[PDB]
Each structure stands twice: as C-alpha cells, then as structure tokens.
>>> print(open('final_26.pdb').read())   # PDB, C-alpha atoms and all ligand atoms
ATOM      1  CA  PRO D   1      71.360 -47.037 -21.577  1.00  0.00           C
ATOM      2  CA  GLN D   2      69.522 -47.246 -24.914  1.00  0.00           C
ATOM      3  CA  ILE D   3      67.406 -44.173 -25.689  1.00  0.00           C
ATOM      4  CA  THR D   4      64.659 -44.099 -28.299  1.00  0.00           C
ATOM      5  CA  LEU D   5      63.665 -40.853 -29.986  1.00  0.00           C
ATOM      6  CA  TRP D   6      59.856 -40.754 -29.741  1.00  0.00           C
ATOM      7  CA  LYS D   7      60.411 -37.917 -27.263  1.00  0.00           C
ATOM      8  CA  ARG D   8      63.211 -35.395 -27.048  1.00  0.00           C
ATOM      9  CA  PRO D   9      66.313 -37.171 -25.603  1.00  0.00           C
ATOM     10  CA  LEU D  10      66.410 -35.069 -22.446  1.00  0.00           C
ATOM     11  CA  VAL D  11      68.619 -36.129 -19.535  1.00  0.00           C
ATOM     12  CA  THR D  12      69.689 -34.637 -16.229  1.00  0.00           C
ATOM     13  CA  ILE D  13      73.170 -33.113 -16.151  1.00  0.00           C
ATOM     14  CA  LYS D  14      75.262 -31.813 -13.262  1.00  0.00           C
ATOM     15  CA  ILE D  15      77.495 -28.806 -13.894  1.00  0.00           C
ATOM     16  CA  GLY D  16      79.049 -26.392 -11.431  1.00  0.00           C
ATOM     17  CA  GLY D  17      77.359 -28.512  -8.768  1.00  0.00           C
ATOM     18  CA  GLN D  18      73.908 -27.663 -10.157  1.00  0.00           C
ATOM     19  CA  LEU D  19      71.423 -30.023 -11.791  1.00  0.00           C
ATOM     20  CA  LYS D  20      69.854 -29.191 -15.141  1.00  0.00           C
ATOM     21  CA  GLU D  21      68.010 -30.819 -18.021  1.00  0.00           C
ATOM     22  CA  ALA D  22      69.740 -31.002 -21.397  1.00  0.00           C
ATOM     23  CA  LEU D  23      69.165 -32.412 -24.863  1.00  0.00           C
ATOM     24  CA  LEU D  24      71.473 -35.122 -26.226  1.00  0.00           C
ATOM     25  CA  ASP D  25      72.102 -33.586 -29.651  1.00  0.00           C
ATOM     26  CA  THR D  26      74.008 -35.469 -32.371  1.00  0.00           C
ATOM     27  CA  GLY D  27      73.430 -32.480 -34.675  1.00  0.00           C
ATOM     28  CA  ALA D  28      75.415 -30.087 -32.462  1.00  0.00           C
ATOM     29  CA  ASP D  29      79.174 -29.758 -32.868  1.00  0.00           C
ATOM     30  CA  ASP D  30      79.347 -27.968 -29.517  1.00  0.00           C
ATOM     31  CA  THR D  31      77.624 -27.975 -26.135  1.00  0.00           C
ATOM     32  CA  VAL D  32      75.542 -24.860 -25.428  1.00  0.00           C
ATOM     33  CA  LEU D  33      73.815 -24.195 -22.103  1.00  0.00           C
ATOM     34  CA  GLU D  34      71.328 -21.504 -21.163  1.00  0.00           C
ATOM     35  CA  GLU D  35      72.559 -18.446 -19.295  1.00  0.00           C
ATOM     36  CA  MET D  36      74.108 -19.419 -15.960  1.00  0.00           C
ATOM     37  CA  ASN D  37      76.976 -18.547 -13.634  1.00  0.00           C
ATOM     38  CA  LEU D  38      80.033 -20.781 -13.947  1.00  0.00           C
ATOM     39  CA  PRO D  39      83.364 -20.567 -12.101  1.00  0.00           C
ATOM     40  CA  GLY D  40      86.509 -19.971 -14.117  1.00  0.00           C
ATOM     41  CA  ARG D  41      87.725 -17.720 -16.891  1.00  0.00           C
ATOM     42  CA  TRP D  42      85.884 -17.459 -20.196  1.00  0.00           C
ATOM     43  CA  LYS D  43      86.276 -15.950 -23.649  1.00  0.00           C
ATOM     44  CA  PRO D  44      83.580 -14.355 -25.830  1.00  0.00           C
ATOM     45  CA  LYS D  45      82.545 -16.444 -28.801  1.00  0.00           C
ATOM     46  CA  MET D  46      79.756 -16.743 -31.328  1.00  0.00           C
ATOM     47  CA  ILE D  47      78.036 -19.839 -32.696  1.00  0.00           C
ATOM     48  CA  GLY D  48      75.561 -20.232 -35.534  1.00  0.00           C
ATOM     49  CA  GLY D  49      72.698 -22.603 -36.127  1.00  0.00           C
ATOM     50  CA  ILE D  50      69.353 -22.317 -37.872  1.00  0.00           C
ATOM     51  CA  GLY D  51      68.124 -18.744 -37.579  1.00  0.00           C
ATOM     52  CA  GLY D  52      71.547 -17.111 -37.206  1.00  0.00           C
ATOM     53  CA  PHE D  53      74.168 -16.587 -34.515  1.00  0.00           C
ATOM     54  CA  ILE D  54      74.125 -16.064 -30.767  1.00  0.00           C
ATOM     55  CA  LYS D  55      76.830 -14.643 -28.528  1.00  0.00           C
ATOM     56  CA  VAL D  56      78.153 -17.099 -25.954  1.00  0.00           C
ATOM     57  CA  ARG D  57      80.772 -17.342 -23.230  1.00  0.00           C
ATOM     58  CA  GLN D  58      83.194 -20.194 -23.875  1.00  0.00           C
ATOM     59  CA  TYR D  59      84.343 -22.120 -20.802  1.00  0.00           C
ATOM     60  CA  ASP D  60      87.069 -24.699 -21.391  1.00  0.00           C
ATOM     61  CA  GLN D  61      87.793 -27.898 -19.455  1.00  0.00           C
ATOM     62  CA  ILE D  62      84.557 -27.747 -17.457  1.00  0.00           C
ATOM     63  CA  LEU D  63      83.477 -30.811 -15.504  1.00  0.00           C
ATOM     64  CA  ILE D  64      79.983 -31.984 -16.433  1.00  0.00           C
ATOM     65  CA  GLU D  65      78.181 -35.224 -15.565  1.00  0.00           C
ATOM     66  CA  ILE D  66      75.700 -36.452 -18.173  1.00  0.00           C
ATOM     67  CA  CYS D  67      73.253 -39.170 -17.141  1.00  0.00           C
ATOM     68  CA  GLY D  68      75.839 -40.555 -14.725  1.00  0.00           C
ATOM     69  CA  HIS D  69      78.832 -40.237 -17.080  1.00  0.00           C
ATOM     70  CA  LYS D  70      81.557 -37.677 -16.494  1.00  0.00           C
ATOM     71  CA  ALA D  71      83.006 -35.407 -19.156  1.00  0.00           C
ATOM     72  CA  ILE D  72      85.502 -32.543 -19.077  1.00  0.00           C
ATOM     73  CA  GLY D  73      85.425 -30.220 -22.051  1.00  0.00           C
ATOM     74  CA  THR D  74      84.264 -26.998 -23.623  1.00  0.00           C
ATOM     75  CA  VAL D  75      80.902 -25.551 -22.578  1.00  0.00           C
ATOM     76  CA  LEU D  76      79.298 -22.551 -24.266  1.00  0.00           C
ATOM     77  CA  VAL D  77      76.932 -20.470 -22.116  1.00  0.00           C
ATOM     78  CA  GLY D  78      74.466 -18.118 -23.766  1.00  0.00           C
ATOM     79  CA  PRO D  79      70.856 -17.388 -24.775  1.00  0.00           C
ATOM     80  CA  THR D  80      70.189 -20.802 -26.250  1.00  0.00           C
ATOM     81  CA  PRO D  81      66.516 -21.870 -26.255  1.00  0.00           C
ATOM     82  CA  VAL D  82      67.435 -25.308 -24.858  1.00  0.00           C
ATOM     83  CA  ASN D  83      70.410 -26.862 -23.083  1.00  0.00           C
ATOM     84  CA  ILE D  84      72.114 -28.999 -25.727  1.00  0.00           C
ATOM     85  CA  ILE D  85      74.860 -31.576 -25.215  1.00  0.00           C
ATOM     86  CA  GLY D  86      76.877 -31.651 -28.434  1.00  0.00           C
ATOM     87  CA  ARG D  87      79.320 -34.095 -29.967  1.00  0.00           C
ATOM     88  CA  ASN D  88      82.344 -32.695 -28.120  1.00  0.00           C
ATOM     89  CA  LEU D  89      80.921 -34.223 -24.917  1.00  0.00           C
ATOM     90  CA  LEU D  90      78.797 -37.041 -26.366  1.00  0.00           C
ATOM     91  CA  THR D  91      81.998 -38.658 -27.647  1.00  0.00           C
ATOM     92  CA  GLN D  92      83.511 -38.494 -24.154  1.00  0.00           C
ATOM     93  CA  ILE D  93      80.660 -40.494 -22.582  1.00  0.00           C
ATOM     94  CA  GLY D  94      80.842 -43.052 -25.385  1.00  0.00           C
ATOM     95  CA  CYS D  95      77.545 -42.125 -27.047  1.00  0.00           C
ATOM     96  CA  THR D  96      76.764 -43.596 -30.478  1.00  0.00           C
ATOM     97  CA  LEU D  97      73.835 -43.735 -32.883  1.00  0.00           C
ATOM     98  CA  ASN D  98      72.516 -47.190 -33.760  1.00  0.00           C
ATOM     99  CA  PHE D  99      69.884 -48.522 -36.149  1.00  0.00           C
TER     100      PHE D  99
ATOM    101  CA  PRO K   1      74.867 -50.060 -38.287  1.00  0.00           C
ATOM    102  CA  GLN K   2      76.587 -47.981 -35.586  1.00  0.00           C
ATOM    103  CA  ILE K   3      77.794 -44.390 -35.940  1.00  0.00           C
ATOM    104  CA  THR K   4      80.361 -42.697 -33.712  1.00  0.00           C
ATOM    105  CA  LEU K   5      80.217 -38.954 -33.081  1.00  0.00           C
ATOM    106  CA  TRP K   6      83.850 -37.952 -33.641  1.00  0.00           C
ATOM    107  CA  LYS K   7      82.599 -36.358 -36.874  1.00  0.00           C
ATOM    108  CA  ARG K   8      79.203 -35.078 -37.920  1.00  0.00           C
ATOM    109  CA  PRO K   9      76.916 -38.137 -38.429  1.00  0.00           C
ATOM    110  CA  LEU K  10      76.413 -37.518 -42.144  1.00  0.00           C
ATOM    111  CA  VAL K  11      74.785 -40.255 -44.233  1.00  0.00           C
ATOM    112  CA  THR K  12      73.399 -40.684 -47.738  1.00  0.00           C
ATOM    113  CA  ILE K  13      69.640 -40.268 -48.120  1.00  0.00           C
ATOM    114  CA  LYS K  14      67.365 -40.822 -51.107  1.00  0.00           C
ATOM    115  CA  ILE K  15      64.421 -38.445 -51.557  1.00  0.00           C
ATOM    116  CA  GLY K  16      62.276 -37.466 -54.521  1.00  0.00           C
ATOM    117  CA  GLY K  17      64.572 -39.448 -56.788  1.00  0.00           C
ATOM    118  CA  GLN K  18      67.816 -37.780 -55.649  1.00  0.00           C
ATOM    119  CA  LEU K  19      70.762 -38.779 -53.472  1.00  0.00           C
ATOM    120  CA  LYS K  20      71.873 -36.295 -50.818  1.00  0.00           C
ATOM    121  CA  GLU K  21      74.018 -36.145 -47.691  1.00  0.00           C
ATOM    122  CA  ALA K  22      72.132 -35.445 -44.470  1.00  0.00           C
ATOM    123  CA  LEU K  23      72.747 -35.111 -40.741  1.00  0.00           C
ATOM    124  CA  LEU K  24      71.176 -37.582 -38.307  1.00  0.00           C
ATOM    125  CA  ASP K  25      70.045 -35.092 -35.675  1.00  0.00           C
ATOM    126  CA  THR K  26      68.581 -36.265 -32.360  1.00  0.00           C
ATOM    127  CA  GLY K  27      68.250 -32.584 -31.417  1.00  0.00           C
ATOM    128  CA  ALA K  28      65.794 -31.904 -34.268  1.00  0.00           C
ATOM    129  CA  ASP K  29      62.059 -32.389 -33.775  1.00  0.00           C
ATOM    130  CA  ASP K  30      61.571 -32.068 -37.539  1.00  0.00           C
ATOM    131  CA  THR K  31      63.345 -32.924 -40.779  1.00  0.00           C
ATOM    132  CA  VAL K  32      64.582 -29.883 -42.724  1.00  0.00           C
ATOM    133  CA  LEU K  33      66.234 -30.191 -46.137  1.00  0.00           C
ATOM    134  CA  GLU K  34      68.087 -27.641 -48.240  1.00  0.00           C
ATOM    135  CA  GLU K  35      66.062 -25.877 -50.935  1.00  0.00           C
ATOM    136  CA  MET K  36      64.700 -28.334 -53.507  1.00  0.00           C
ATOM    137  CA  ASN K  37      61.683 -28.335 -55.828  1.00  0.00           C
ATOM    138  CA  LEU K  38      59.581 -31.254 -54.617  1.00  0.00           C
ATOM    139  CA  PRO K  39      56.241 -31.872 -56.382  1.00  0.00           C
ATOM    140  CA  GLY K  40      52.834 -31.666 -54.772  1.00  0.00           C
ATOM    141  CA  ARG K  41      51.012 -29.509 -52.280  1.00  0.00           C
ATOM    142  CA  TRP K  42      52.750 -27.825 -49.361  1.00  0.00           C
ATOM    143  CA  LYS K  43      51.963 -25.443 -46.519  1.00  0.00           C
ATOM    144  CA  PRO K  44      54.007 -22.569 -45.065  1.00  0.00           C
ATOM    145  CA  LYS K  45      55.681 -23.166 -41.725  1.00  0.00           C
ATOM    146  CA  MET K  46      58.257 -21.496 -39.505  1.00  0.00           C
ATOM    147  CA  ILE K  47      60.795 -23.465 -37.467  1.00  0.00           C
ATOM    148  CA  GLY K  48      63.213 -22.193 -34.836  1.00  0.00           C
ATOM    149  CA  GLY K  49      66.859 -22.965 -34.258  1.00  0.00           C
ATOM    150  CA  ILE K  50      69.345 -21.526 -31.805  1.00  0.00           C
ATOM    151  CA  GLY K  51      69.576 -18.244 -33.723  1.00  0.00           C
ATOM    152  CA  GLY K  52      65.916 -17.695 -34.529  1.00  0.00           C
ATOM    153  CA  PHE K  53      63.264 -18.773 -37.011  1.00  0.00           C
ATOM    154  CA  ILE K  54      63.282 -19.446 -40.754  1.00  0.00           C
ATOM    155  CA  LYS K  55      60.517 -19.882 -43.314  1.00  0.00           C
ATOM    156  CA  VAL K  56      60.128 -23.381 -44.775  1.00  0.00           C
ATOM    157  CA  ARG K  57      57.699 -25.320 -46.958  1.00  0.00           C
ATOM    158  CA  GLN K  58      56.020 -28.305 -45.281  1.00  0.00           C
ATOM    159  CA  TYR K  59      55.481 -31.433 -47.404  1.00  0.00           C
ATOM    160  CA  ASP K  60      53.582 -34.368 -45.909  1.00  0.00           C
ATOM    161  CA  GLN K  61      53.923 -38.130 -46.417  1.00  0.00           C
ATOM    162  CA  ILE K  62      57.279 -37.863 -48.181  1.00  0.00           C
ATOM    163  CA  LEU K  63      59.427 -40.984 -48.517  1.00  0.00           C
ATOM    164  CA  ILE K  64      63.086 -40.751 -47.505  1.00  0.00           C
ATOM    165  CA  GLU K  65      65.472 -43.704 -47.533  1.00  0.00           C
ATOM    166  CA  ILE K  66      68.178 -43.326 -44.873  1.00  0.00           C
ATOM    167  CA  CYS K  67      71.093 -45.764 -45.199  1.00  0.00           C
ATOM    168  CA  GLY K  68      68.747 -48.246 -46.845  1.00  0.00           C
ATOM    169  CA  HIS K  69      66.039 -47.747 -44.194  1.00  0.00           C
ATOM    170  CA  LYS K  70      62.821 -46.193 -45.467  1.00  0.00           C
ATOM    171  CA  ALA K  71      60.783 -43.589 -43.593  1.00  0.00           C
ATOM    172  CA  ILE K  72      57.646 -41.668 -44.574  1.00  0.00           C
ATOM    173  CA  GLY K  73      56.670 -38.428 -42.914  1.00  0.00           C
ATOM    174  CA  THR K  74      56.692 -34.665 -42.964  1.00  0.00           C
ATOM    175  CA  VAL K  75      59.665 -33.003 -44.670  1.00  0.00           C
ATOM    176  CA  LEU K  76      60.370 -29.279 -44.458  1.00  0.00           C
ATOM    177  CA  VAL K  77      62.249 -27.431 -47.200  1.00  0.00           C
ATOM    178  CA  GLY K  78      63.973 -24.093 -46.777  1.00  0.00           C
ATOM    179  CA  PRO K  79      67.222 -22.133 -46.379  1.00  0.00           C
ATOM    180  CA  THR K  80      68.987 -24.487 -43.996  1.00  0.00           C
ATOM    181  CA  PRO K  81      72.794 -24.820 -44.206  1.00  0.00           C
ATOM    182  CA  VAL K  82      72.615 -28.618 -43.793  1.00  0.00           C
ATOM    183  CA  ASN K  83      70.166 -31.378 -44.642  1.00  0.00           C
ATOM    184  CA  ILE K  84      68.819 -32.486 -41.244  1.00  0.00           C
ATOM    185  CA  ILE K  85      67.069 -35.775 -40.465  1.00  0.00           C
ATOM    186  CA  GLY K  86      64.980 -35.215 -37.331  1.00  0.00           C
ATOM    187  CA  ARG K  87      63.292 -37.469 -34.802  1.00  0.00           C
ATOM    188  CA  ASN K  88      60.064 -37.724 -36.812  1.00  0.00           C
ATOM    189  CA  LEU K  89      62.000 -39.905 -39.279  1.00  0.00           C
ATOM    190  CA  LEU K  90      64.745 -41.300 -37.024  1.00  0.00           C
ATOM    191  CA  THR K  91      62.098 -43.130 -34.971  1.00  0.00           C
ATOM    192  CA  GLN K  92      60.824 -44.899 -38.095  1.00  0.00           C
ATOM    193  CA  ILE K  93      64.252 -46.423 -38.838  1.00  0.00           C
ATOM    194  CA  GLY K  94      64.698 -47.738 -35.291  1.00  0.00           C
ATOM    195  CA  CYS K  95      67.467 -45.271 -34.451  1.00  0.00           C
ATOM    196  CA  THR K  96      68.610 -45.012 -30.836  1.00  0.00           C
ATOM    197  CA  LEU K  97      71.278 -43.328 -28.753  1.00  0.00           C
ATOM    198  CA  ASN K  98      73.496 -45.726 -26.823  1.00  0.00           C
ATOM    199  CA  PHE K  99      76.107 -45.228 -24.111  1.00  0.00           C
TER     200      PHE K  99
HETATM  201  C1  LIG G 101      61.962 -27.593 -31.765  1.00  0.00           C
HETATM  202  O1  LIG G 101      62.945 -26.929 -32.507  1.00  0.00           O
HETATM  203  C2  LIG G 101      63.790 -27.749 -33.258  1.00  0.00           C
HETATM  204  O2  LIG G 101      63.774 -28.936 -33.134  1.00  0.00           O
HETATM  205  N1  LIG G 101      64.683 -27.107 -34.201  1.00  0.00           N
HETATM  206  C3  LIG G 101      65.766 -27.845 -34.825  1.00  0.00           C
HETATM  207  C4  LIG G 101      67.076 -27.286 -34.268  1.00  0.00           C
HETATM  208  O3  LIG G 101      67.612 -26.334 -34.736  1.00  0.00           O
HETATM  209  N2  LIG G 101      67.634 -27.958 -33.111  1.00  0.00           N
HETATM  210  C5  LIG G 101      68.856 -27.503 -32.475  1.00  0.00           C
HETATM  211  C6  LIG G 101      68.561 -27.275 -30.994  1.00  0.00           C
HETATM  212  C7  LIG G 101      67.285 -26.466 -30.798  1.00  0.00           C
HETATM  213  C8  LIG G 101      67.241 -25.000 -31.204  1.00  0.00           C
HETATM  214  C9  LIG G 101      65.964 -24.192 -31.009  1.00  0.00           C
HETATM  215  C10 LIG G 101      64.733 -24.851 -30.398  1.00  0.00           C
HETATM  216  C11 LIG G 101      64.777 -26.319 -29.989  1.00  0.00           C
HETATM  217  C12 LIG G 101      66.055 -27.125 -30.186  1.00  0.00           C
HETATM  218  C13 LIG G 101      69.946 -28.562 -32.525  1.00  0.00           C
HETATM  219  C14 LIG G 101      70.169 -29.088 -33.934  1.00  0.00           C
HETATM  220  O4  LIG G 101      70.875 -30.287 -33.822  1.00  0.00           O
HETATM  221  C15 LIG G 101      70.965 -28.091 -34.776  1.00  0.00           C
HETATM  222  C16 LIG G 101      71.041 -28.633 -36.198  1.00  0.00           C
HETATM  223  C17 LIG G 101      72.021 -27.781 -36.995  1.00  0.00           C
HETATM  224  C18 LIG G 101      73.398 -28.324 -37.355  1.00  0.00           C
HETATM  225  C19 LIG G 101      74.370 -27.461 -38.153  1.00  0.00           C
HETATM  226  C20 LIG G 101      73.968 -26.061 -38.586  1.00  0.00           C
HETATM  227  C21 LIG G 101      72.592 -25.520 -38.227  1.00  0.00           C
HETATM  228  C22 LIG G 101      71.619 -26.377 -37.433  1.00  0.00           C
HETATM  229  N3  LIG G 101      72.321 -27.975 -34.279  1.00  0.00           N
HETATM  230  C23 LIG G 101      72.837 -26.753 -33.699  1.00  0.00           C
HETATM  231  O5  LIG G 101      72.249 -25.722 -33.773  1.00  0.00           O
HETATM  232  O6  LIG G 101      74.070 -26.870 -33.053  1.00  0.00           O
HETATM  233  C24 LIG G 101      74.810 -25.639 -32.652  1.00  0.00           C
HETATM  234  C25 LIG G 101      75.387 -25.864 -31.604  1.00  0.00           C
HETATM  235  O7  LIG G 101      76.628 -26.601 -32.025  1.00  0.00           O
HETATM  236  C26 LIG G 101      76.941 -26.042 -33.424  1.00  0.00           C
HETATM  237  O8  LIG G 101      77.059 -27.253 -34.504  1.00  0.00           O
HETATM  238  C27 LIG G 101      76.029 -27.193 -35.277  1.00  0.00           C
HETATM  239  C28 LIG G 101      75.579 -25.813 -35.194  1.00  0.00           C
HETATM  240  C29 LIG G 101      76.008 -25.346 -33.738  1.00  0.00           C
HETATM  241  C30 LIG G 101      65.638 -27.731 -36.342  1.00  0.00           C
HETATM  242  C31 LIG G 101      64.401 -28.529 -36.755  1.00  0.00           C
HETATM  243  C32 LIG G 101      65.487 -26.283 -36.815  1.00  0.00           C
HETATM  244  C33 LIG G 101      66.870 -28.358 -36.990  1.00  0.00           C
END
>>> encode(input="final_26.pdb", output="structure tokens", more="lines below")
Ligand SMILES: COC(=O)N[C@H](C(=O)N[C@@H](Cc1ccccc1)C[C@H](O)[C@H](Cc1ccccc1)NC(=O)O[C@H]1CO[C@H]2OCC[C@H]21)C(C)(C)C
Amino acid sequence: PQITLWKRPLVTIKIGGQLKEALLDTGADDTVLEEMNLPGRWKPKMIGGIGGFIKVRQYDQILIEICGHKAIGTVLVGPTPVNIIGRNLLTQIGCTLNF
Amino acid sequence: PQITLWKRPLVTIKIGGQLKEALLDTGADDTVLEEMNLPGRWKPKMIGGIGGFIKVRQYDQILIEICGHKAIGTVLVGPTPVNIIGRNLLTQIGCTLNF
C-alpha cells in the first residue's frame, strides 16, 4: 500500500505469534520492540538514539510479519518508548520512500 | 523520486541559506537539526528519543527545501547527532511510504 505521513505510520505486526502495533521508521537502522518474551537465544547489546543509549536483547533471524509482508531478521527487544520497524526489515518487505 | 532503504535516506536540504545533509525520518514527529544559529525568535522545547529527552530551540515558519521540494514549518535546533526531517515537513513534500 501507499502510506501518507499525516499520522504516525503505525501498522500491525505479528511476532512470536503475537500481534502488536509498530512504527514504520526510515530513520532507524535497526528494529527495536518494547519489552517482551521471545523464543530463542539472545545477546546483550546497546543502541543509541536521541537522548542516549538503552540496553536491549538482540534476537537474530526472527520471523516477523509486517502489514502482511514477512521478514526474517534481527530484532532488538528493550525499553523503547515505541515499537519501531527499522531499515533492516523495511528493506525486506520492499518499502521505499517516494515524493 | 524514489529512495530505497538499503542505506540511510540522506538527502541535501537548503535552510537559512545553507546546504546540509539530512535524514528523511518517518519515525520523527518533528524536524530536528544540528546546532545552528538561525535568526529570529524561538522558544525552548524538549523532545524525546529512544534514550531520553534533549533541550532544543523551536523556530516557527522556517523554510526548508528538500530535494528541490519546499516546506515551511516548525524546525527544532539542538544537540542531535543527525539532521532529521520529520513528518511535519515530509507531508508538505508529498512523501509517502510504499510497499
Ligand atoms: C514523538 O517523539 C519523536 O518523534 N522523536 C523523534 C525520534 O527520536 N523518533 C525515533 C523513535 C521514537 C523515540 C521516542 C518517542 C517516539 C518515537 C525514531 C527516529 O527515526 C530516530 C532518529 C534518529 C536516527 C539516528 C540517530 C539518533 C536519532 N531513530 C532511532 O532512534 O533509531 C534507533 C534505532 O535504530 C538505530 O538507528 C538510528 C538510531 C537507532 C525525534 C523527533 C527526537 C527525532
């Protein structure tokens, strides 16, 4: 679909079999989801944005369905204020910016 | 034009008589630019990213040209690591997400 930006570009995602709302974020290198339980091994990591760094758990090769499009890639889980879908997964679903 | 998300969507902007590189950020409500001495009145504001909040200066009705497309709105100035074009200006240039 084509999504305008008058409102936050929020979509429903499915991850670990659970539905959630997330922000399609061209300004995020990585995908960062609020605290949740996910199956599989994980490594501690840290990521920075505006305001400083947060500590996250990095899950690799996680299945996630974004607005009906499947992706398999790295998902960071931590105390992010909003679920954000970053470029590592936006590229997989074929998302582009257009004007 | 169309912009893929393999790399950060960095483009040239023109503001206050200067050329800069900035990030087209669908995950940003607001536009935040690296420290610069714009003329005119401003008001203090605080904006939050994933790591917390920073102090910025809010300038209103500022013209920014983004890839030849003009937009006029509120521009925040403060200690951000990257020039960020947010939805308040991306809407004015007819920018959409497409997949
Ligand atoms: C309403 O609040 C807002 O709109 N705040 C805006 C904001 O911060 N939005 C966040 C999400 C958010 C956070 C908090 C509340 C609501 C939404 C997403 C945004 O695109 C940032 C931009 C950014 C790129 C590079 C370095 C620092 C920042 N990207 C990011 O933090 O990405 C992370 C993840 O991936 C990594 O790559 C880049 C840095 C890493 C802003 C106006 C301050 C800019």
>>> residues_near_ligand(input="final_26.pdb", ligand="ligand LIG 101 (chain G)", cutoff="7 Å", atoms="only C-alpha atoms and all ligand atoms", output="PyMOL selection string")
(chain D and resi 25-32+47-50+81-82+84+86) or (chain K and resi 25-32+47-50+80-82+84+86)
>>> closest_atom_pairs(input="final_26.pdb", of="chain D", to="chain K", cutoff="7 Å", atoms="all atoms listed in the file", output="Markdown table")
| residue | atom | partner | partner_atom | distance |
| --- | --- | --- | --- | --- |
| D:1 | CA | K:99 | CA | 5.7 |
| D:2 | CA | K:98 | CA | 4.7 |
| D:3 | CA | K:97 | CA | 5.0 |
| D:4 | CA | K:96 | CA | 4.8 |
| D:5 | CA | K:91 | CA | 5.7 |
| D:6 | CA | K:91 | CA | 6.2 |
| D:23 | CA | K:27 | CA | 6.6 |
| D:24 | CA | K:27 | CA | 6.6 |
| D:25 | CA | K:27 | CA | 4.4 |
| D:26 | CA | K:25 | CA | 5.2 |
| D:27 | CA | K:25 | CA | 4.4 |
| D:48 | CA | K:51 | CA | 6.6 |
| D:49 | CA | K:50 | CA | 5.6 |
| D:50 | CA | K:49 | CA | 4.4 |
| D:51 | CA | K:52 | CA | 3.9 |
| D:52 | CA | K:51 | CA | 4.2 |
| D:53 | CA | K:51 | CA | 4.9 |
| D:54 | CA | K:51 | CA | 5.8 |
| D:80 | CA | K:50 | CA | 5.7 |
| D:81 | CA | K:50 | CA | 6.2 |
| D:87 | CA | K:5 | CA | 5.8 |
| D:91 | CA | K:5 | CA | 5.7 |
| D:93 | CA | K:99 | CA | 6.7 |
| D:94 | CA | K:99 | CA | 5.4 |
| D:95 | CA | K:99 | CA | 4.5 |
| D:96 | CA | K:4 | CA | 4.9 |
| D:97 | CA | K:97 | CA | 4.9 |
| D:98 | CA | K:2 | CA | 4.5 |
| D:99 | CA | K:95 | CA | 4.4 |
>>> write_last_selection(input="final_26.pdb", atoms="C-alpha atoms", output="CSV table (one decimal), keeping the file's coordinate frame")
chain,number,residue,atom,x,y,z
D,1,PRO,CA,71.4,-47.0,-21.6
D,2,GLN,CA,69.5,-47.2,-24.9
D,3,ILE,CA,67.4,-44.2,-25.7
D,4,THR,CA,64.7,-44.1,-28.3
D,5,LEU,CA,63.7,-40.9,-30.0
D,6,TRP,CA,59.9,-40.8,-29.7
D,23,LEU,CA,69.2,-32.4,-24.9
D,24,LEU,CA,71.5,-35.1,-26.2
D,25,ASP,CA,72.1,-33.6,-29.7
D,26,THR,CA,74.0,-35.5,-32.4
D,27,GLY,CA,73.4,-32.5,-34.7
D,48,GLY,CA,75.6,-20.2,-35.5
D,49,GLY,CA,72.7,-22.6,-36.1
D,50,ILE,CA,69.4,-22.3,-37.9
D,51,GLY,CA,68.1,-18.7,-37.6
D,52,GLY,CA,71.5,-17.1,-37.2
D,53,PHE,CA,74.2,-16.6,-34.5
D,54,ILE,CA,74.1,-16.1,-30.8
D,80,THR,CA,70.2,-20.8,-26.2
D,81,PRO,CA,66.5,-21.9,-26.3
D,87,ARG,CA,79.3,-34.1,-30.0
D,91,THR,CA,82.0,-38.7,-27.6
D,93,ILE,CA,80.7,-40.5,-22.6
D,94,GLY,CA,80.8,-43.1,-25.4
D,95,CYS,CA,77.5,-42.1,-27.0
D,96,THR,CA,76.8,-43.6,-30.5
D,97,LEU,CA,73.8,-43.7,-32.9
D,98,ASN,CA,72.5,-47.2,-33.8
D,99,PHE,CA,69.9,-48.5,-36.1
>>> resolve_selection(input="final_26.pdb", expression="the PyMOL selection byres (((chain D and resi 77) around 8) and not hetatm)", output="list in words")
residues 32, 33, 34, 35, 36, 56, 57, 58, 59, 75, 76, 78, 79 and 80 of chain D
>>> atom_distance(input="final_26.pdb", atom1="CA of residue 70 in chain D", atom2="CA of residue 11 in chain K")
28.7 Å
>>> resolve_selection(input="final_26.pdb", expression="the PyMOL selection byres (((chain K and resi 17) around 12) and not hetatm)", output="list in words")
residues 13, 14, 15, 16, 18, 19, 20, 36, 37, 38, 39, 62, 63, 64 and 65 of chain K
>>> write_last_selection(input="final_26.pdb", atoms="C-alpha atoms", output="PDB file, in the frame of the given file")
ATOM      1  CA  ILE K  13      69.640 -40.268 -48.120  1.00  0.00           C
ATOM      2  CA  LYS K  14      67.365 -40.822 -51.107  1.00  0.00           C
ATOM      3  CA  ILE K  15      64.421 -38.445 -51.557  1.00  0.00           C
ATOM      4  CA  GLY K  16      62.276 -37.466 -54.521  1.00  0.00           C
ATOM      5  CA  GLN K  18      67.816 -37.780 -55.649  1.00  0.00           C
ATOM      6  CA  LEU K  19      70.762 -38.779 -53.472  1.00  0.00           C
ATOM      7  CA  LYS K  20      71.873 -36.295 -50.818  1.00  0.00           C
ATOM      8  CA  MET K  36      64.700 -28.334 -53.507  1.00  0.00           C
ATOM      9  CA  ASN K  37      61.683 -28.335 -55.828  1.00  0.00           C
ATOM     10  CA  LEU K  38      59.581 -31.254 -54.617  1.00  0.00           C
ATOM     11  CA  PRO K  39      56.241 -31.872 -56.382  1.00  0.00           C
ATOM     12  CA  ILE K  62      57.279 -37.863 -48.181  1.00  0.00           C
ATOM     13  CA  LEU K  63      59.427 -40.984 -48.517  1.00  0.00           C
ATOM     14  CA  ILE K  64      63.086 -40.751 -47.505  1.00  0.00           C
ATOM     15  CA  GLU K  65      65.472 -43.704 -47.533  1.00  0.00           C
TER      16      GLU K  65
END
>>> atom_distance(input="final_26.pdb", atom1="CA of residue 46 in chain D", atom2="CA of residue 72 in chain D")
20.8 Å
>>> atom_distance(input="final_26.pdb", atom1="CA of residue 42 in chain K", atom2="CA of residue 22 in chain K")
21.4 Å
>>> axis_aligned_box(input="final_26.pdb", around="range 18-34 of chain D", padding_each_side="4 Å", output="AutoDock Vina command-line options")
--center_x 73.7 --center_y -28.5 --center_z -22.4 --size_x 19.3 --size_y 22.0 --size_z 32.5
